[PDB]
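Structure record follows, encoded as structure tokens.
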Amino acid sequence: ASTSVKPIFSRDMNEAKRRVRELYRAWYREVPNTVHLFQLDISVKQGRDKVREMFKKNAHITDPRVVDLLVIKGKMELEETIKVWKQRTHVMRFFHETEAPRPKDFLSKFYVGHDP
Amino acid sequence: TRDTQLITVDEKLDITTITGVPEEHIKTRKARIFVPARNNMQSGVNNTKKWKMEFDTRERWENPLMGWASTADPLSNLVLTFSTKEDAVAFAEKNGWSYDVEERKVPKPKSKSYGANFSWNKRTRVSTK
Amino acid sequence: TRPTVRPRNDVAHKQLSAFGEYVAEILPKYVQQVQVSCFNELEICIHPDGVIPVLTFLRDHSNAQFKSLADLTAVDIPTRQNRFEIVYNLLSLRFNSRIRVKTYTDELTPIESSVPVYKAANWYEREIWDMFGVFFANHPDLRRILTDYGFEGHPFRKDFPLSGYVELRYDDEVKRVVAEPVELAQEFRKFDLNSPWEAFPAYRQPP
Amino acid sequence: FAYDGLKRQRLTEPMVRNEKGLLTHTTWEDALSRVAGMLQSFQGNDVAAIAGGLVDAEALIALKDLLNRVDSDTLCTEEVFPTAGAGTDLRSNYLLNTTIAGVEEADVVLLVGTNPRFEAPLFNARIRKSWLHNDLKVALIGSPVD
Amino acid sequence: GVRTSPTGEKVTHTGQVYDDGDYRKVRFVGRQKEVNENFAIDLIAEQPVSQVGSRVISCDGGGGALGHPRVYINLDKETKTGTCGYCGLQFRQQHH
Amino acid sequence: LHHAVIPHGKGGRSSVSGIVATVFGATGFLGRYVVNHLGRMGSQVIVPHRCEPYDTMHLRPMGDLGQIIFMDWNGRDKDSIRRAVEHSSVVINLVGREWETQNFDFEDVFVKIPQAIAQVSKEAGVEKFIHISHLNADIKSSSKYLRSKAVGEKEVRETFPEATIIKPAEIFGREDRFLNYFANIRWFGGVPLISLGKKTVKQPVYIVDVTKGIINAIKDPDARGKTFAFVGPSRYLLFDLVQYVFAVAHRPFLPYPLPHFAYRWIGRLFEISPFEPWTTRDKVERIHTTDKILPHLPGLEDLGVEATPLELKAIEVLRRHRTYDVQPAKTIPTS
Amino acid sequence: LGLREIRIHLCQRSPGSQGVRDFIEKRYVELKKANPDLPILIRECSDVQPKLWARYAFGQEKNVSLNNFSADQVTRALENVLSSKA
Amino acid sequence: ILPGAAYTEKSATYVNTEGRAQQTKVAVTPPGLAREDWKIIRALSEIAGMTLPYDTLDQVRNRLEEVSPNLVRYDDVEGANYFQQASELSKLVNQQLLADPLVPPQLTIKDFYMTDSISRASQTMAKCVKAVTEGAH
Ligand SMILES: NC(=O)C1=CN([C@@H]2O[C@H](COP(=O)(O)OP(=O)(O)OC[C@H]3O[C@@H](n4cnc5c(N)ncnc54)[C@H](OP(=O)(O)O)[C@@H]3O)[C@@H](O)[C@H]2O)C=CC1
Ligand SMILES: [Zn+2]
């Protein structure tokens, strides 16, 4: 009974993946309209790779309820872009154009500060 | 006997991807689960009854203009309170933080006797009141 | 009377205890606990499956007529298995009384939307979603209401830091407003205020 | 009260010696490379180390691995402990095996060549607590000290 | 009182002054450094020691409710004077 | 030295980078990007300015409280220069002008003024000095702009031997006068060019790349007493490059030739303007001068900066010129 | 090249390390007399699977699990390292 | 000179005289360019081509567990035993006891205040030494 829980939308991972793919198609077909309405300086290929990167991060989830939430947030984040509730600043926050690269190796982190 | 249909989820409960915390502050942090030690300037024991969870200290530097204490750690002041140790570890595990647990330190019972102050042959006979 | 102590109203304490029992006898399937506070407020604690049954009964029954939803909010308690406590505050113009209905949930278990019972719940449930991350099933329009577009996290959770994770700024190079990790010129100072001496022995817990 | 020493005489920058033999500040890159070059030019018994009184276990193990990777085993400490016999092979040889809390269970204590009042004040405080309540017997072999 | 450093920058009553090679001094170019000229440590040293004829005297800072919390000072030691912990005034017992 | 400024923090807006820099000519095109990059990491920036204080307002939001400090300075006043540099660890010289005024000529701004800053910096004990020369600097050039650049590039190299001289090609950006120059010719009907734009090859570079190069030269110990050549990744003909600009701006393109002497004649006519002239005889020389190749000098790649193509960021600059995919122009392979 | 250090980990009450416990009790003093200059570190914690670490020149280490071994069977493992070196 | 961190500026393990292993926690970060002690060695090794196999504090404590497993059992007093084996070895060689008396290095309170770098840098420990030498005056 402990592992018996109420679902959000999908009763198993197989149905969850169906929602993930439909969401990906929605984002894939919107980038050309987004890059045009907001007059962005990125290309459509750069836009479509960012969507790919965002989906790739959460590729190790095995909880259908968690996947449902990620899709719910994705659909919310999508409705903001389509209806132009966001602004050019919000869309470009996925890219971090004004943040200097931060080193990933041990030696470089050693020279600058104390964080691991 | 609920009316709603239930499903089975045999996986570790992990919410690291829906809490919105940047990955910089999930993998490199080290939570500390503990019961606060009694403040030694006071005899009260009412601050040593709940379990706390704090994170590891990081750099504080001096503001060039005024001399204030600047920081870049967004978890410097975060303190959580828990009724028991088991509930504290549960919150750390599902949030993805690495943690250390320190067992509660309760003072051991002491044997007190006002009459020992005036012993006939023992070493506990005090010399002043 | 004592000039400095709030007076007690024993009449209203007996009437609200009778009605609390009255409600628990009619909905055993859902009511888990009924308590009346020392300042005469009534709390009905329910299983989360009874949000629609219990609320519909209180709105429509001839002896309840709680036709107005005063407020709907959530409280976050990290130490419980179900962190989030959902609170409904109701009003009755017919009998001039108030009542509080409480249920619970967690990060992943949804709760049924109350818009069918109270049209007032439309925006309150968006606010609970935006600030706590509690999903309400069958909501006509669920989305962030108070936070900024693209905001990550639910700021009213007890583990979300006070100053957040990012801060805004205008960058001249890119000619727009940018978001960056937050660094504070003066760190917020944390005061440990609680006294180590018990204040109220009436609320002492078993050791 | 000795914590205010952490605010004086502190080392804040890497330092190397210049041509006129005086220590001058430098970057981390310069200092480590100068040290790194010498460590590559030696091995075996040409490299040694000494550990002080306030060094942690993490640093002790790390330095050991660095010297081992140049095949050196001359890892020394400033505090002498006899190596004749079992030496540091058995922990029981160099520990307080009765534990601090076990002095309260003793009935006779023999102190040899030590002044616990100053080498370990809080452990001396425990002997007195046993000397007062449990009626302990204490003998000393050494100089008369209070 | 205010005394100037070898580089020409005034010293505050807390002892603060930028060293010669400290880059932070650039904030004062074409501007000034705010220093209060009334050093409180000097001002309270000019006040005369008040002679009293009791073992214990009380100080409230003057003005009654406009001063500081009322404290009682012991004057049993003739080696030194009795000093108020709030306002810094001094009291002494008359030859006994 | 007792100690350096000991950088602290995460490199953000409120950090301390240990850089106390005085930027001369920080109110122009290039200084607006250098000050931003210095303030974005928490540096102390002293900005000596000659103009009205209202014209330096866009620099205030570029740093935290007290990190941007403004002073008055005069080009010919040595005392004013000294006040601005005696507390600094690096001095950056961006003073320049594309035309001669009533009171300042190319000699005054490119030789005398850079020499005064360098000499006073040496006497004040500054450690790093960064001077901005031109790629096409040459004492045997038809442009008096480029002749003075060469003379100044030497007197600076003699007054401050450990100077990091940066020699960029024509820079392009939002506020540039290079791509914005080949878009306002539309106001005069057709696009004049010498030899129809042939015989001239240019290697323009991006503003941010030049700015990122300057910052890395401050932090790199291997840039003292060295000369660099910041050039773009491609070489174009002056014709197809202008052809590309009009394509991106989406404006009619009528390139008709005009002889050299005629261009100077119309060049002198604009010089009569008491305001910023639209064009000048000197400007025409540099626009029709081929960008040199100096393989023996280090470039951007030696400072860690990767050159940005003109195609990736041409739209960013020319978006405004559009009224109410463009094929890239041809390039000249390196043999 | 040559051997540098032998490390023996064992428990104090578990049966999985009873064999290693008997080896130390009976035939550790003889082993030390044979190799007085060899550091033989016997570090016994609580509830740990027993092991035998051996350190060779230039920081090479080889470890063989000693779980459920016996005194006669623990001698062979130490003979291997003392005789065969990497 | 490679500047390190004091015991109040690093999470480090110390073992007391009874074998109990405990750990400090970071109160303040080290001053200036000072760095955690084990990070200096782990950074010197990489620049020398001898990179060590641990990059984090949790990893360097796995290594400690290999060398001596009791160094990660925090607040546990692991017993040692084997006194008999230790006593038999000690008799294989004899040494002569010097005639000099046993004299502890610290005889009076005067010698207790300054015994390490930090206490020698303390201005409060210097006022304690002059107090027990001259007196209150
Ligand atoms: N822009 C480009 O394409 C190229 C730039 N360079 C060089 O880089 C440097 C920066 O030029 P840039 O910013 O792009 O163009 P700007 O003309 O916009 O910048 C010129 C700066 O120098 C100041 N200036 C001019 N004359 C004086 C004077 N007598 N006294 C004090 N200040 C003066 C100006 O101050 P104020 O505005 O108050 O008058 C201004 O801040 C120049 O030296 C230039 O030769 C070299 C190759 C390419
Ligand atoms: Zn007073």
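Residue numbers (the UniProt record's numbering), protein chains in the order written: chain A, 13 to 128; chain B, 47 to 175; chain C, 45 to 251; chain D, 292 to 437; chain E, 29 to 124; chain F, 36 to 359, 368 to 378; chain G, 14 to 99; chain H, 583 to 719. For every residue, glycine included, the Cβ atom is placed at its ideal position computed from N, Cα and C.
Residue i (DSSP reduced to helix, strand or coil)
| i | result |
| --- | --- |
| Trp-114 (chain B) | coil |
| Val-659 (chain H) | coil |
| residue 441 (chain D) | Any property of residue 441 (chain D) remains undetermined from this structure, which presents chain D solely from 292 to 437. |
| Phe-128 (chain B) | strand |
| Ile-85 (chain E) | strand |
| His-57 (chain C) | helix |
| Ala-397 (chain D) | coil |
| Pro-290 (chain F) | strand |
| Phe-296 (chain F) | helix |
| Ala-411 (chain D) | coil |
Closer than 8 Å to chain A by CB, residue i
| i | result |
| --- | --- |
| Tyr-193 (chain C) | yes |
| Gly-46 (chain F) | yes |
| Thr-638 (chain H) | yes |
| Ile-81 (chain F) | no |
Residue i to residue j span [Cα, whole Å]
| i | j | result |
| --- | --- | --- |
| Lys-261 (chain F) | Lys-318 (chain F) | 28 Å |
| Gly-125 (chain A) | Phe-164 (chain F) | 27 Å |
| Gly-63 (chain F) | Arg-354 (chain F) | 22 Å |
| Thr-170 (chain B) | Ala-47 (chain G) | 55 Å |
| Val-42 (chain G) | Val-172 (chain B) | 53 Å |
| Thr-117 (chain B) | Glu-105 (chain B) | 7 Å |
| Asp-255 (chain F) | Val-597 (chain H) | 44 Å |
| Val-77 (chain G) | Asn-663 (chain H) | 24 Å |
| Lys-163 (chain C) | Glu-169 (chain C) | 11 Å |
| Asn-171 (chain F) | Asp-326 (chain F) | 6 Å |
| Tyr-247 (chain C) | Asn-93 (chain B) | 16 Å |
Cβ-based neighbour list, residue i, same chain, cut-off 8 Å, excluding 5 preceding and 5 following
| i | result |
| --- | --- |
| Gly-335 (chain D) | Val-361, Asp-362, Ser-363 |
| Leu-314 (chain D) | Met-306, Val-307, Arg-308 |
| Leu-228 (chain C) | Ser-207 |
C-beta neighbour in chain H for residue i, strict 8 Å
| i | result |
| --- | --- |
| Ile-432 (chain D) | yes |
| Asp-49 (chain B) | no |
Cross-chain neighbours of residue i in chain B, by beta carbon under 7 Å
| i | result |
| --- | --- |
| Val-51 (chain F) | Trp-107, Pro-110 |
| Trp-241 (chain C) | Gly-90, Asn-92 |
Interface flag, residue i vs chain F, CB-CB below 8 Å
| i | result |
| --- | --- |
| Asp-117 (chain A) | no |
| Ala-115 (chain B) | no |
| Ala-118 (chain B) | yes |
Under 8 Å by beta carbon: chain G residues contacting residue i
| i | result |
| --- | --- |
| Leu-381 (chain D) | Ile-55 |
Contacts that residue i makes with chain H (C-beta to C-beta distance below 8 Å)
| i | result |
| --- | --- |
| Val-94 (chain G) | Simply none; closest approach about 16 Å. |
Closer than 8 Å at the beta carbon, the chain A residues around residue i
| i | result |
| --- | --- |
| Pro-154 (chain C) | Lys-18, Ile-20 |
Residues near residue i in its chain [Cβ-Cβ closer than 7 Å; skip 5 each side]
| i | result |
| --- | --- |
| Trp-300 (chain F) | none |
| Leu-329 (chain F) | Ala-264 |
| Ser-183 (chain F) | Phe-141, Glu-142, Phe-145, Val-146 |
8 Å Cβ cutoff, residue i in contact with chain G
| i | result |
| --- | --- |
| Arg-308 (chain D) | no |
Chain D within 8 Å of residue i, Cβ atoms only
| i | result |
| --- | --- |
| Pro-52 (chain G) | yes |
Min CB distance residue i to chain B below 8 Å
| i | result |
| --- | --- |
| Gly-86 (chain A) | no |
Chain-ordered neighbours of residue i on chain F, where CB pairs are closer than 8 Å
| i | result |
| --- | --- |
| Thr-303 (chain D) | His-38, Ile-41 |
Within chain H, partners of residue i - CB distance below 9 Å
| i | result |
| --- | --- |
| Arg-104 (chain B) | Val-608, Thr-611 |
Contact set between residue i and chain D, taken where Cβ atoms lie within less than 7 Å
| i | result |
| --- | --- |
| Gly-72 (chain G) | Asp-356, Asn-359, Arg-360 |
CB contact check: residue i to chain E, cutoff 8 Å
| i | result |
| --- | --- |
| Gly-98 (chain F) | no |
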